[PDB]
Asker: 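Would you mind keeping the following structure in view while I ask a few things?
Heads up: numbering here begins at 1 and tracks the sequence.
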Amino acid sequence: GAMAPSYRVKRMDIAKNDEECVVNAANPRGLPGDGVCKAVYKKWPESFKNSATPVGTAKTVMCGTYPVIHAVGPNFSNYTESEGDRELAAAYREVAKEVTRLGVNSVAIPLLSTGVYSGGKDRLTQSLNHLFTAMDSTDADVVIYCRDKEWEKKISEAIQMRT
Ligand SMILES: [Cl-]
Ligand SMILES: [Cl-]
Ligand SMILES: [Cl-]
C-alpha cells in the first residue's frame with residue numbers, strides 16, 4: 001500500500017504517467033480506438049493481446065511487467081441513463097479489484113465515459129463520483145489524468161473538498 005493513500009489530478013497524456021500501472025478507457029473489442037485508448041495503444045501495443053472484454057468489466061494485460069487494466073465504460077449513445085450509470089459504476093468496481101490483485105502502490109486512471117462515450121453530456125461529476133466509490137477502499141495512490149484546463153480545476157476542487 002501507499003504510506004498515506006492520496007488522490008491527485010494531472011492535465012497531461014496518461015501515456016506519460018509516473019504510476020505503477022495504467023487504466024485504459026477501452027472499447028469492448030480490444031481495438032486501438034481513439035483518445036486515451038489510441039494513446040495507450042501507441043505506448044503499450046503488446047497489452048492489446050486478448051484485451052476484448054464486455055461493458056462494465058476490466059481485463060488486465062501485461063506489457064512487459066507493466067500492467068494495463070482495460071476498463072470498458074458504457075457508450076451513453078447506446079445505453080439508457082439508468083443502465084449506463086449502472087455499467088459505469090460496475091467498470092470502476094472491477095478496476096478496484098484489479099488494482100488490489102496486482103499489489104501496486106499507485107495507478108494512473110482516466111475518467112471513463114467522459115469523451116466519445118459521453119453521449120454528448122458533461123459527465124465529470126458522475127464519472128469521478130463512481131471512481132471515488134470504487135477506489136476509496138483501496139490503498140493505492142490514485143492519479144487522475146485529464147486534458148481540459150477547466151476539468152483539471154473541477155477535479156482538483158472535488159478532491160480537496162473531501163480532505
Ligand atoms: Cl502531454
Ligand atoms: Cl470515453
Ligand atoms: Cl478532460
Asker: Does the side chain of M12 reach to within under 4.5 Å of the side chain of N17, using non-hydrogen atoms?
Answerer: no
Asker: Are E94 and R101 close enough for a salt bridge, meaning some N to O gap below 4.0 Å?
Answerer: no
Asker: Ignoring hydrogens and angles, tell me if any N or O in the side chain of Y7 forms a donor-acceptor pair with the backbone of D136 under 3.5 Å.
Answerer: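 Here the side-chain-to-backbone pair exists.
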Asker: Check whether any side-chain heavy atom of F48 sits under 4.5 Å from a side-chain heavy atom of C37, and report yes or no.
Answerer: yes
Asker: Testing the basics here: between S118 and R123, what is the closest heavy-atom pair and its distance to 0.1 Å?
Answerer: O-NE, 2.7 Å
Asker: Identify the heavy atoms of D141 and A4 that sit nearest to each other, and give their distance.
Answerer: OD1-O, 3.7 Å
Asker: Donor-acceptor pair, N105 side chain versus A140 backbone, under 3.5 Å?
Answerer: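 Not confirmed, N105 side chain does not pair with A140 backbone.
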Asker: Please report the interatomic distance CG(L88) to CD(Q126), rounded to the nearest 0.5 Å.
Answerer: 5.5 Å
Asker: What is the minimum heavy-atom distance between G119 and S77, and which atoms define it?
Answerer: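 It is CA-OG, 3.7 Å.
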Asker: Is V107 reachable from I159 through a run of I, L, V, M, F, W or Y residues, each pair having side-chain heavy atoms under 4.5 Å apart?
Answerer: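 Same cluster: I159 reaches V107 through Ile, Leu, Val, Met, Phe, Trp or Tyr contacts under 4.5 Å.
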Asker: Please identify which of these residues, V61, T60, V40, meets the side-chain contact (heavy atoms from CB on, under 4.5 Å) condition with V68.
Answerer: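 Exactly one pass, corresponding to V40.
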Asker: Ignoring hydrogens and angles, tell me if any N or O in the side chain of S106 forms a donor-acceptor pair with the backbone of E20 under 3.5 Å.
Answerer: yes
Asker: How long is the span from the CD1 atom in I14 to the CD atom in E19, to the nearest 0.5 Å?
Answerer: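 Between atom CD1 of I14 and atom CD of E19 there are 8.0 Å.
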Asker: Going by heavy atoms in the side chains, are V99 and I109 under 4.5 Å from each other?
Answerer: no
Asker: Could you tell me whether a side-chain N or O of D85 sits under 3.5 Å from a main-chain N or O of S82, the two making a donor and an acceptor?
Answerer: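 Side chain of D85 to backbone of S82, a donor-acceptor pair under 3.5 Å: no, none is there.
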Asker: Between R8 and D18, is the closest basic N to carboxylate O distance under 4.0 Å?
Answerer: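 Answer for the salt bridge query: no.
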Asker: Between the main-chain N or O of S47 and the side-chain N or O of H70, is there a donor-acceptor pair closer than 3.5 Å?
Answerer: yes
Asker: Roughly how far, to the nearest 0.5 Å, is CD of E150 from CZ of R11?
Answerer: 10.0 Å
Asker: Would you check if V95 and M135 make a side-chain contact, meaning some heavy-atom pair closer than 4.5 Å?
Answerer: yes
Asker: Taking all non-hydrogen atoms of both residues, which atom of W44 and which atom of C63 are closest, and how far apart?
Answerer: CD1-SG, 3.7 Å
Asker: Just do the side-chain contact (heavy atoms from CB on, under 4.5 Å) check on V116 and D34 with the steps written out, would you?
Answerer: CA-CA 8 Å; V116 299; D34 307 85; 5.7 Å; no
Asker: Between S127 (side chain only) and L112 (backbone N and O only), is there a donor and an acceptor less than 3.5 Å apart?
Answerer: yes
Asker: Taking all atoms of both residues into account, what is the closest heavy-atom pair of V36 and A25, and its distance?
Answerer: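 Looks like CG1-N, 3.9 Å.
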Asker: Do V104 and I144 sit in one hydrophobic cluster, given that two such residues count as connected whenever their side-chain heavy atoms are within less than 4.5 Å of each other, even indirectly?
Answerer: yes
Asker: Could you state the interatomic distance from CG (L128) to OG1 (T114), rounded to the nearest 0.5 Å?
Answerer: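 Between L128 CG and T114 OG1, I get 10.0 Å after rounding to 0.5 Å.
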Asker: Should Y41 and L31 be regarded as members of a common hydrophobic cluster, given that ILVMFWY residues are connected when their side-chain heavy atoms come within less than 4.5 Å of each other, either directly or indirectly?
Answerer: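 No; tracing contacts between hydrophobic side chains, which count when under 4.5 Å, never links both residues.
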Asker: Once side-chain contact (heavy atoms from CB on, under 4.5 Å) is applied, do any residues pair with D122, and if so which ones, sequence neighbours excluded?
Answerer: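 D122: side-chain contact (heavy atoms from CB on, under 4.5 Å) contacts with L124, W151, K154.
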Asker: Checking the side chain of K59 only, and the main-chain atoms of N50 only, is there a donor and an acceptor separated by less than 3.5 Å?
Answerer: yes
Asker: Hydrophobic clusters here meaning ILVMFWY residues chained together by side-chain heavy-atom distances under 4.5 Å, can you tell me if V23 and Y92 are in one?
Answerer: yes
Asker: Tell me whether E152 is salt-bridged to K149, with the criterion being a basic N under 4.0 Å from an acidic carboxylate O.
Answerer: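 Looking at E152 and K149, the cut-off is not met.
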Asker: If hydrophobic clusters are built by linking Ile, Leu, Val, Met, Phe, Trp and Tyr wherever their side-chain heavy atoms come under 4.5 Å apart, do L111 and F132 end up in the same one?
Answerer: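 The answer is yes; both residues are in one hydrophobic cluster.
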Asker: Would you say the side-chain atoms of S113 pair up with the backbone N or O of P74, donor to acceptor, closer than 3.5 Å?
Answerer: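 Answer holds: yes.
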Asker: Using a cut-off of 6.0 Å, state whether more than 12 heavy atoms not belonging to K10 lie near its atom NZ.
Answerer: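 Buried by this count: over 12 neighbours within 6.0 Å.
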Asker: Indicate the atoms forming the closest heavy-atom contact of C146 with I155, along with that distance.
Answerer: CB-CD1, 4.0 Å
Asker: Set out, in order, the CA-CA distance, both residues' side-chain angles and the distance that settles side-chain contact (heavy atoms from CB on, under 4.5 Å) for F76 and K121, then state yes or no.
Answerer: CA-CA 9 Å; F76 278 97; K121 269 201 195 178; over 6 Å; no
Asker: Distance from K97 atom NZ to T57 atom OG1, nearest 0.5 Å?
Answerer: 10.5 Å
Asker: If only atom types and distance count, is the side chain of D139 paired as donor or acceptor with the main-chain N or O of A2 below 3.5 Å?
Answerer: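 Side chain of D139 to backbone of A2: no pair is present.
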